[PDB]
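So this first bit is one chain, no partners, the form deposited in one PDB entry, shown in structure tokens.
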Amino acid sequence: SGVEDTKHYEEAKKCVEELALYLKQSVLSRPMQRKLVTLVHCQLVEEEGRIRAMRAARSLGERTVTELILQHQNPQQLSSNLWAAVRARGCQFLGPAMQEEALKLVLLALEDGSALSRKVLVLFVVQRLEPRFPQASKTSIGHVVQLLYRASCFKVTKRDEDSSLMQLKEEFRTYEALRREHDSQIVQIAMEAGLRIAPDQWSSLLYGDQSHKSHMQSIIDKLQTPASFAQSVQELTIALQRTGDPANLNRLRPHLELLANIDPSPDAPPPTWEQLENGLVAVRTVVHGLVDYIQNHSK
């Protein structure tokens, strides 16, 4: 029974060659092409080719779900929606300049291991920030602290029938470390609100420039876990009942899911020829589906 093997091989290679026609006035987005190139390049004969290709398919299915969601998303209302989410968590981003200055003041207060009550921390920062930023208030600054709180940046030490005492955990006693956990927390709030936001836009939102794209990219990369693919599918699937699904993206669901149940972890077992074929058929289907949606059902 090695004819089955060869025919699986042939069908897989056919799938990849068929998607290769998209390369390349290209219909596909800038990253999607990239992932496609990585997919065309796996040599399926080679075992590193089969496992790589398998995960390249899972990845390409990832980006397909993302892009599809990005259509269903209002670009002008993106930042308003983000900041809306942030304020809904009792947090607030005061803007890049002020936020940087505020975080540094928090650090000025707490890098040497000091423990302060929340009230006193807020007061410290307000008193020192209002001279350069007249806007500053206990309310708004309290919102910045609450953002660091929700980030689990504090060792909080309770005092019976009194205010708690807060210390910066030692791993966060430098501006770099702190600003990373801060920013990462904002990114998470973006994710729980279901918003997709490109690294360039993140650099814009949090820094007022474009020189922080790789940093943000790293944050988004570190937040990535396998389980997200499936629930992102979930998100899209309920976004399609707010639509009635005119383009019938629903037809993609079973392939997307097959792609989702692929294990992307290394040392995960190599695929059988029938898994290789089913996976590459699935990806061929969904990328075609993406292109159909973009070109034929947009605005």
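We number the residues from 1 along the sequence you see.
There is another form of this protein, the form deposited in another entry, and it is not shown here; the text below is about that form.
Trainee: So one rigid chunk twists against the other between the shown form and the other one - which of 69, 128, 114, 188 is right at the hinge?
Mentor: So the residue sitting at the hinge would be 69.
Trainee: Can you tell whether residue 30 sits closer to or farther from residue 207 in the other form than it does here, judged by CA atoms, where the change is 3 Å or more?
Mentor: Their C-alpha distance grows by at least 3 Å in the other form.
Trainee: By 3 Å or more, the Cα spacing of residue 88 and residue 239 differs in the other form; is it closer or farther than in this view?
Mentor: Closer together, which means the C-alphas of residue 88 and residue 239 are at least 3 Å nearer in the other form.
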